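Chain residues, written in single-letter form:
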Amino acid sequence: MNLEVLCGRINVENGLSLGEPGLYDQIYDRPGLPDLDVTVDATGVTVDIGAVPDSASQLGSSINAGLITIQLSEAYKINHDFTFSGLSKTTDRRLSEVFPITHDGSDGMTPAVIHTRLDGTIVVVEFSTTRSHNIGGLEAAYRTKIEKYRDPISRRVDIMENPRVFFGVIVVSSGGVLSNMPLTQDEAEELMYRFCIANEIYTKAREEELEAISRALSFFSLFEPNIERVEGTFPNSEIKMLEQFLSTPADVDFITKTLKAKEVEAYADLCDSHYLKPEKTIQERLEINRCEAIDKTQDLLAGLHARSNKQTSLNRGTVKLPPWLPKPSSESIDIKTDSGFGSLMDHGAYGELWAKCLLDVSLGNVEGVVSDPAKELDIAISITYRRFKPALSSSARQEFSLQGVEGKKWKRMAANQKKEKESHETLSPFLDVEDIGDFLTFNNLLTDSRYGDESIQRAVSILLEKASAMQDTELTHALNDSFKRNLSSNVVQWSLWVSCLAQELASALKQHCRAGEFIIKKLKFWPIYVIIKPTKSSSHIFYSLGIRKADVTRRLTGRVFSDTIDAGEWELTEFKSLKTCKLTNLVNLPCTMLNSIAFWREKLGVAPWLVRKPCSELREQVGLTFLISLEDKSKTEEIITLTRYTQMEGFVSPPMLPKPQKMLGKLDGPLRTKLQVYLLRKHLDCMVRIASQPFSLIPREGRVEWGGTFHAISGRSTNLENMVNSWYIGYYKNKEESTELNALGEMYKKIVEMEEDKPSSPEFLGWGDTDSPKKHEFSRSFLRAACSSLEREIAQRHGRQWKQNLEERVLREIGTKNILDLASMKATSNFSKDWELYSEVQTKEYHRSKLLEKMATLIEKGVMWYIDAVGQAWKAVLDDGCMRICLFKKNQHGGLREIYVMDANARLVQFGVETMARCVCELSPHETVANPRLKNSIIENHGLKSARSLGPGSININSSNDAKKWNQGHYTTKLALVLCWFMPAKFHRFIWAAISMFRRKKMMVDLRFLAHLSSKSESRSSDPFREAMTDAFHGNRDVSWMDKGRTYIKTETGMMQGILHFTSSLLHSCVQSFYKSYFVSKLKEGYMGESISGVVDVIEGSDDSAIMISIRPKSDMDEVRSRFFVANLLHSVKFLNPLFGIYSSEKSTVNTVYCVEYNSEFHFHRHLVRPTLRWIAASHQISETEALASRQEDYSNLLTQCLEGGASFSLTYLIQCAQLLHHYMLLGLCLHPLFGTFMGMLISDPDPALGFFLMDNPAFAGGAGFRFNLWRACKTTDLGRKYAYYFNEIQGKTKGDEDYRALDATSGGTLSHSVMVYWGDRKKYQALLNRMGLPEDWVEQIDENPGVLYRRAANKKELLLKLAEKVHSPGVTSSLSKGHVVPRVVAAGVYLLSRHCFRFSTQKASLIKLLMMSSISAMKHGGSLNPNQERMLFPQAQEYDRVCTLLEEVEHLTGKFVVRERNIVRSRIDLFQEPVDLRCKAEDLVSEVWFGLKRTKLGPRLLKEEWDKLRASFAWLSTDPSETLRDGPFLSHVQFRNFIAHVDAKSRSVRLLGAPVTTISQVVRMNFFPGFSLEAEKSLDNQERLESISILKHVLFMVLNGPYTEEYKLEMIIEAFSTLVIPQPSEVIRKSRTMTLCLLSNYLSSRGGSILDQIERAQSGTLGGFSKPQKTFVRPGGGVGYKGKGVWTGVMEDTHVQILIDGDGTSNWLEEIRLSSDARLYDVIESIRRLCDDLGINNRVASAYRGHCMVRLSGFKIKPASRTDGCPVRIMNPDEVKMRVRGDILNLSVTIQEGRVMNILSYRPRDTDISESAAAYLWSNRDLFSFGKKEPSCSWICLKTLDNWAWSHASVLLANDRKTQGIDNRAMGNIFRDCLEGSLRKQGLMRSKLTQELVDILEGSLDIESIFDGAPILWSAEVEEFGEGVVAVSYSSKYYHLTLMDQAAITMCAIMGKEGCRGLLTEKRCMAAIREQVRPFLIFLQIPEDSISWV
RNA sequence: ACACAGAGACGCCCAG
RNA sequence: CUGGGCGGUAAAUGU
RNA sequence: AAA
Ligand SMILES: [Mg+2]
């Protein structure tokens, strides 16, 4: 029907109305039904509509014969949208548009139809249907639909002017129609007919949260893929296997037999492999092992030498660059031919070429060789190369073509063929690697060059001193001098000119040249000339070097450098080649060398400010780093990398021997470089040395240390940290390198090798159990047992209802997904049927498209929910029959990895399974890849459990594991069985089909690879894979994985890398749970039927795993038997691992005592080591961005990540200096002639996002972010004037200057003005935009409806707009193109200074022009920032000021060297936290004001107040969104939203590692340099005026927690508050102790008057507390949880509220709300939500009260009173207050009535708020307060130690009870004893005070004593536990920071004896002559003298 | 020179 | 043998 | 007293 006539026949009067319900009934007779054929599939449901039966009543004319399609998701609401088909205009609007904003929370609610009438009236009609036959049901539905809408519509119309609205509702059932809408009878009859058809079709076919749940549930209920088609298509995809796996139980007898067999096999391997039997001495055993290792190394060397040329002596250079080190000079080109050019030609073809090259340059035309500054200066304020063609004689061309400059044309002749045949040769191990050996130990790299006076050093020093102007202390000068000394060196200058050469080559990389011509160019500073012959930009580029040979002042020593040809006066070099990938390391060379020098000098103990000769060890590390960076080969990295695995075996304890000869499987391979031969020889020597003897464990007092550590490459013995960091030297290589076509055959070899052996019989692939499986089989019963064990664990931890919660979570996570979430920049494959066959796509080019294009078509098709697009993708995959995969290579710091790109439909299908697997993995207590908090929890908390259960002196045993081929080896049926086991039986079909689609993998190959492959039919070659591939492609031989003439490789086994990550993690978790259950079951038993006591902890990731087991022995013999038993248990795992599909790798290290590694984190007892070299190396991998500020912020992020790995602040400062040098070099330092003018002009105006580089304070360098440095710069230098002018123009006070104003604010609090234009990907990005076809006027459409940038959005055009603004994002879309960032940045930096390439935020101007415009600019504004502007711009400026004022306490380099702290743990230092007074968020405030949706929890009155404050800040703001755009200085709402969202405070948390732990002062004193203390010098006058409240908190803590009576405490509090001055309170909504202190001071001073008004104003109208408190529940080590039934009573916005709460165990919940007066309720709701989330209680728990009330409240959302859940909302003097002090609690208690206590404020001092600076401030004012009179005060009130006579007087006070004013007895003694005990434990002596069996789920031949002889005994060592759980317990004492008894213990230890004290605390023994002196300390210990027994 | 237990690049398209 | 015109790829799953 |  129509709506126009229906709305026209409605008369609307002024106001609101509801009409009267008109009950309608059927009148005309009804025909039966048209034909309604309905079928269901994955696409949808098809509704075939037949012909309506004919009748005279014209019923059925609305329908039309045909077919109707409905998607599966919305099949639940079929009656509603088919009975009411039509009659709706769609484009559903909300109440926010036509009605104004009321801020009631009901704005998000929208009706079905909303009609703006032709005369302006508003009519809203609501539809409702029901399958009932009673009139009462229709009346109930009508009343419900009336009442759920009447109240909010009334509230909306009782405010808007001239309201004329009408509300209607239509209820249609199968028995009648009830509606207030006047309708004709025929309309009712046709609606009845449509309802009958709708419910017939439904019977035949059968809040946003609830809608998503219903949609997902309906989809999974109606989804039915044909199982038979899957079984006919995919192998081993029968549901019978799944049903059998879920049906039959396990066979326990088979499990027992298999366990016994594998146990005896493991025992046999352990006994025979490690030479256990017969009896032998340990020395004999290690000698036999060493002989075996020597034999294996020798036969490997012989086998490697067999397939090689002999070639004992060979001439080659590992470094291609010459060792020249010339002095820098000016940029003046000088030929200066003195001996004549004639002496050059008669020295070879190189001499002829160089003579002919220099002769042309001698004949004028010097332009092009050196840039002209004049031309650049006149062009900028308003790339020419010197090409030449020499003679090129034929012999010269031949000799040059030998090097490969023109190798294609000169390929035929015999010399080039000989060279090509010789190139394919592998060098021999016996090559006499001699020069490399003595180059490392003896080199002159670290000798000072005495060059620190030239122009480059002058420029960098000028820039450094300009950057360090803000911080002008002595420390900065010392660190700058150290950096300059590092800069002045031979290696650094060599790297500088090498990097200049590399930048020049990268600039000249893309310059096409004709045949026979070259380019000559001179470097800017050094007198070095290069001749460049460039080929294609992707291909090689050639160069030769020439020097005067009279200007080479210095030269590096060593023979590793390549030979240089001498030609008379000039020295020349041959033609070498590089690519784009190899230029990365050459550019970043000087920064790399500076970082390495600083890092190793700091690590070797040399202080930065000292000057010493270099050590022998230092030169080895720096030379090795230099050689590795220069050679840049992939094979060289592996040898150094495997040193970690071959060296980790030295920690293995008895009875296992260290066997590093397992690593020979990867050391084999070709050796094409001399350096690789040297590294292999040193690796074998280290292997032999490791196999000879293990590492020595020395159990000293308490601590555990390892001895005999040494460096792998050079046999020098070092510390442990040096070895761990030397394990990672191989990371000094370019991670990304290009792949050539003769390569890439290794990938296909890795793919096909596993697939060759697949068991043909499928009986052991899930069908049945078997022992001793093959390379792919597994046992079903073991999987059943593991799944049952993990299910038992989950049911134990997460209760018995975990399955239903998991189902609801899965449905919620899958129901809310849109297509726009899936769209991203990730690539996808276009491989299809037409690409399969060759010889038809040979003359075509294959390309990969982004997922954005594939999702844009789906979005514009008309689907938005992800749950709608799964069916089409699944059907398309099933029809195609195979998953289609593309391949490429990802190069990493390790072995090569194959990466699988995936099709779009396959990705869409895989997303849901990945989501389900993640949801299942979120519950496991062992898995860590989805629970990142667990990896730092399981390892650290093992010590606590070991100490708590077993007791003190436990012995730990650990094992670290890995997997050979995790991606391969896994048959997908196992994963499917596990997932279906862990699911509630409704997802089973979908998971089974989505897994079964995997086993038809078809992987493409490169088309050029096949194009070169098809030409050749004979393979030759020495490897079988090439012959097999050639014969299979040509069809000569037949293989299963590839057929004739196809472009795809077909496999059947394995899962790809990462595609099924979470499912593999779940399987690994099941296996580890089974292992733990088996281990504890066997640990219950013991040797000879004993009972070994211990604890087993297990942790795992994707493939990595770790087992930690600790036991406690009582004697020696049982200790040795227990350790042998544990060795057996840890050795059986590698034989239990063939069961399932694990196949544990060779890199696993087993049976180590006090060490365990997991995810590259090494725990060595209480010393935690993290390799920081891997982060220091990666400190220059910046990303391409639109602005320079983003480059600086990326530098800051990399520096922070480097600091978090663990490094001193001096090292961080030096790394920041290196980053500054790198940035300034990237900004055209050595590529543009006008950089000197640029810096000389820039030093006047330092400006971030303009060219200047800000630098941090040396004391605190990495913790502070970029905003802190911006704030310091704005408050220190002239940047504040420009920022003030910019912000004033933003305010609108200063108008004009349309193009001068800055609007775009980059993330990080940096508003920007300009952006560079020239992007290489910009044309590609434009093409990408063209091929998707977005609307052009997206900004015009987004300004019309701005409410889509703040909501989820539902309209299709809304989604198109959101996608359009997603593509046009400034950062992500333009930056994720990626590539080799550094070479392209270098190439663009040759013209960035002087060329029009910057765009305003349309004239394009140079950087110098931008500097001139900024000169005629805000520099003339001359105004500073006011506190309002600073508070708006920096929302955390107070924390910045506090940190800065604390920071300047350290300004001088004075300190003492101390012993290094040997207890390293992690920490979480919180700083720069979110402000408490801000009370709101800008974006949330704007969203709530403009669109009325609940973002912030602020009431409408507070919203009005904050809006008035913001309007005071910004004048052009207004409630109407459209008014703000034109009035304000903004172009579009996108820019406004970006500007608003960018400037908002974010909390900054650092995670330092070091000694356990103001705290900033402690971490800046300890971590400045290891073994050194910074020793800050404080100023007295600062802390009293900066934070006087901290002194008050200190005094309050030391008074309340102290030995004082209550009256004395009251008087002390009164006088302390009277003496100090406290600022006035600030209004906050979050509870704070500072505000309570201010209120307490104002109350006791009585200055504010009515204290209740002040309290309610400070807490924003909130008053009250607990009338009946809640009884406490003792918590296991924490504050007592308040449980029971209680009441919260108070006032809130002039309303007498009363809240009833209840809780049980975990949290409290709302029970009942009683309120005095309704008035406005919404402010009450927001206030009570703030109270609830401040006190931690929840609203989700349902209430049992079913009685009558006014409204319901559930989940902090208002609900109609008809519904039954949620909390009911039923409506029901300053002289009385006083001071009351409880135990460590202050309260302003004021009882409401007699019989109960009513307190309204709280304050408990803690252990944090104690400062030594506050104690010193109290010491200066010792006579001011009353505490200076007696001895307990001035020592307990202040913080100081106790003197000898002082503690003697204290002891004689202790001996007698006496009576002293407010001093007390027996409690002062308690705190004294606690302080003395804590002081005792710090120095030593006194020790710090501190299951899923398998059954319910289901000898003595060795000498032992001899095989464990010669080993230390560990139970007699008394070694402590490790982990942060133990460490944090020892600091739990409240009086930890007390020095009141340290000197007492120092004096007592000497007089008593180190062993004597321990005997005293155990046996109570002492001798009399020292008893006379320890008797005062015996009364301090409160131990009687008659009890202690004398010796 | 680069890559590789010899699968490739060492310019490509034209026009005469 | 000359002469003219140039543009690529590179990017996978998760927190 | 605390999340
Ligand atoms: Mg592995």
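Residues numbered from 1 in each chain as written, not as in the entry; some residues may be left out. Chains lettered and ligands numbered in written order. Heavy atoms only, no water.

The PDB entry annotates chain A as RNA-directed RNA polymerase L of SFTS virus AH12. What UniProt states about chain A under its Sequence similarities (unreviewed entry) heading is, verbatim, "Belongs to the Bunyavirales RNA polymerase family." (UniProt positions renumbered as here; feature names shortened; annotations may be inferred.)

## A short note on the overall build of chain A
When you go through chain A residue by residue, the secondary structure sums to 75 helices and 53 strands. The C-alpha atoms of chain A give 40 Å as radius of gyration, which agrees with the globular expectation for 1991 residues (39 Å, within 12%). Principal axes of the C-alpha set define a box for chain A whose edges measure 115 × 110 × 90 Å. The proportion of buried residues among the 1991 residues of chain A is 53%. Total accessible area on chain A stands at roughly 88,400 Å², and carbon and sulfur atoms take up 53% of it. Counting 248 positive and 246 negative side-chain charges, chain A places the centres of these two groups 2 Å from one another. (Helix = DSSP H or I, 4+ residues; strand = E, 2+ residues; numbered from the N terminus. Rg over C-alpha atoms; globule rule 2.2 N^0.38 Å. Buried < 20%, exposed > 50% of the residue type's maximum accessible area, 1.4 Å probe, protein only. Areas by Shrake-Rupley, 256 points an atom, 1.4 Å probe, with all protein chains shown as cover. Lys, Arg positive; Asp, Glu negative; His and termini not counted. Charge placed at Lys NZ, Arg CZ, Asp CG, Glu CD.)

## Focus on the protein's contact with RNA strand B
Close contacts around RNA strand B come from 40 residues, with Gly404, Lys408, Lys536, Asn742 and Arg1026 the closest. In this structure, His424 approaches RNA strand B through a side-chain N or O atom, which is 3.3 Å from a base nitrogen. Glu740 is positioned such that a nitrogen or oxygen atom in its side chain is 3.4 Å from a sugar or linking oxygen of RNA strand B. If you list the elements that add at least two residues to the surface near RNA strand B, you get α15 (414-423), β17 (576-578), α38 (1007-1015) and α39 (1024-1034). Here the surface near RNA strand B is composed, by residue class, of eight nonpolar, 13 polar and 19 charged. (Near = heavy atom within 4 Å. Polar contact = N/O pair within 3.5 Å; in protein donor to acceptor, adjacent residues only side chain to side chain. Nonpolar A, V, L, I, M, F, W, Y, C, P; charged D, E, K, R; others polar.)

## Concerning the pattern of salt bridges
Applying the stated criterion to the full structure yields 76 salt bridges. Two residues, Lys603 and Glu602, come together in a salt bridge whose shortest N-O distance is 3.9 Å. Exposure remark for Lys603: the relative accessible area of 18% places this residue in the buried category. Through salt bridges with shared partners, a single network forms among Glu836, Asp880, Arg884, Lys1002, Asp1043 and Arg1046. (Salt bridge = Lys/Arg side-chain N within 4 Å of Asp/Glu carboxyl O.)

## Let's talk about the protein's contact with RNA strand C
Surveying the vicinity of RNA strand C reveals 22 residues, the closest of which are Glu736, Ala827, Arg848, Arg907 and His1380. When the atoms of RNA strand C within 4 Å of the protein are sorted by group, sugar and phosphate make up 37%. Measuring from a base nitrogen of RNA strand C, one finds a side-chain N or O atom of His847 at 3.2 Å. A distance of 3.1 Å is found between a base oxygen of RNA strand C and a side-chain nitrogen or oxygen belonging to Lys1324. Every element with two or more residues in the surface near RNA strand C is listed here: β22 (884-890), β23 (897-902), α34 (904-921), α40 (1061-1084) and α49 (1322-1332).

## Thoughts on unusual backbone geometry
The bulk of non-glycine residues show a negative phi, and the bulk of peptide bonds are trans. Residue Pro278 is reached from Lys277 by a cis peptide bond, and omega for that bond is -5 degrees. When you line up the elements, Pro278 lands in the loop between α9 (252-273) and α10 (282-306). If you check the backbone angles, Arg1020 has positive phi at about 55 degrees while not being a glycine. Topologically, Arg1020 is positioned in the loop between α38 and α39. Backbone geometry places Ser1160, a non-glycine residue, at a positive phi of 60 degrees. With respect to the helices and strands, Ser1160 occurs in the loop between β30 (1155-1157) and β31 (1162-1164). By relative accessible area, which is 21% here, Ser1160 ends up partly exposed.

## What about a nonpolar patch on the surface?
On the surface, a cluster of nonpolar side chains totalling about 380 Å² of accessible area is made up of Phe1673, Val1674, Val1680 and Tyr1682. Elements that contribute at least two residues to the nonpolar patch include exactly β42 (1672-1675) and β43 (1678-1682). Mapped onto the elements, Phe1673 comes out in strand β42. With relative accessibility at 37%, the residue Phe1673 sits in the partly exposed group. (Patch = residues over 30% accessible without salt bridge, like charges linked within 9 Å, V, L, I, M, F, W, Y side chains within 5 Å.)

## Here's the deal with the packing of aromatic side chains
For any pair of aromatic rings, the description consists of the separation of the ring centres together with the inter-plane angle of the planes. Within this structure, the stated rule accounts for 68 aromatic pairs. Consider the rings of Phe219 and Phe223, whose centres lie 5.2 Å apart with planes at 35 degrees: the pair is tilted. The buried category is assigned to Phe219, whose relative accessible area is 3%. Judged by its relative accessible area of 10%, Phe223 falls in the buried class. Centroid distance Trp1271 to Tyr1440: 5.9 Å. Interplanar angle 55 degrees. Geometry classified as tilted. With a relative accessible area of 5%, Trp1271 lands in the buried category. Ring pairing ties together the aromatic residues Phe1287, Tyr1350, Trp1490, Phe1491, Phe1514, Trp1516, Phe1530, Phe1536 and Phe1539, which thus form one cluster. For the cation-ring pair, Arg1351 lies above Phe1491, with the distance from its terminal atom to the ring centre recorded as 5.8 Å. (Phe/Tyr/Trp six-rings, centres within 6.5 Å; stacked < 30°, edge-to-face > 60°. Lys NZ or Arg CZ within 6 Å of the ring centre and 35° of its normal.)

## Comments concerning the pairing of strand β27 (residues 1094-1100)
Most of β27 sits inside the fold, with six of its seven residues counted as buried. Bridging between β27 and strand β28 (residues 1105-1111) involves seven bridges; their strand directions are antiparallel. In the strand pairing of β28, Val1098 is matched with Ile1107. If you look at the hairpin formed by β27 and β28, you'll find four residues sitting between the two strands. (Pairing = 2+ DSSP bridges.)

## Side note on the coordination of the magnesium ion
Around the magnesium ion, the protein contributes the donor atoms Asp962 (OD) and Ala963 (O), which lie 2.3 to 2.6 Å from the metal centre. Both residues of the pair, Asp962 and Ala963, belong to the buried class. (Donors = N, O, S within 2.8 Å, 3.2 Å for Na, K, Ca; no water.)

## Some thoughts on the UniProt feature "binding site: Mg(2+) 3" (unreviewed entry) in chain A
The UniProt entry lists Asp962 and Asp1103 under the feature "binding site: Mg(2+) 3" (unreviewed entry), expressed in the numbering used here. Despite a sequence span of 142 residues, these residues sit close together in the fold, their greatest C-alpha distance being 5.9 Å. Residue placement: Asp962 occurs in the loop between β24 (955-961) and α36 (972-981). Structurally, the position occupied by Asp1103 is in the loop between β27 and β28.

## A few points about the UniProt feature "binding site: Mg(2+) 6" (unreviewed entry) in chain A
UniProt feature "binding site: Mg(2+) 6" (unreviewed entry): in the numbering of this structure it lies at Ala963 and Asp1103. On the basis of their most widely separated C-alpha atoms, the annotated residues across 141 residues gather in one place, lying no more than 5.9 Å apart. Turning to its location among the elements, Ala963 is positioned in the loop between β24 and α36. Residues in contact with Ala963, not counting those within four places in the same chain, are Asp1103, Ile1142, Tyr1143, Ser1144 and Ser1145. Not counting residues up to four positions away in its chain, the partners in contact with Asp1103 are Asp962, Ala963, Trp966 and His1068. (Contact = heavy atoms within 4.5 Å.)

## Considering the packing of helix α18 (residues 474-487) against helix α45 (residues 1209-1226)
Here α18 crosses α45 at 60 degrees, and the two axes come no closer than 11 Å. For the element pair α18 / α45, the angle class is oblique. α18 and α45 meet at a crossing whose hand is right-handed. Note on element contacts: α45 touches α18 through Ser1210, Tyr1213, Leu1214, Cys1217, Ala1218 and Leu1221, opposite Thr476, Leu479, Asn480, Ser482, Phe483 and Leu487. Class assignment for the residues of the contact of α18 with α45 results in eight nonpolar, four polar and no charged. (Axes fitted to C-alpha atoms, helices over the stretch in contact; angles between N-to-C directions. Parallel < 35°, antiparallel > 145°, perpendicular 65-115°, else oblique. Left-handed = near helix turned anticlockwise from the far one by under 90°.)

## Examining the sheet that holds strand β1 (residues 22-24)
Taken in spatial order, the five strands line up as β1-β8-β7-β6-β5 in an open sheet, and their pairing is mixed. Unpaired on one side and paired on the other, β1 and β5 (113-116) mark the two borders of the sheet. When the angles between neighbouring strand axes are averaged without regard to direction, this sheet yields 15 degrees.

## Focus on a positive patch on the surface
On the surface, a cluster of positive charge is made up of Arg1630, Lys1631, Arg1633, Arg1804 and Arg1806. By the secondary structure assignment, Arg1630 is in the loop between α64 (1606-1619) and α65 (1633-1645).

## Points about the side chain of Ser106
Mapped onto the elements, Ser106 comes out in the loop between α3 (95-98) and β5. With relative accessibility at 12%, the residue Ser106 sits in the buried group. Setting aside chain neighbours within four positions, we find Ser106 in contact with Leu95, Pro152, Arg155 and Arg156.

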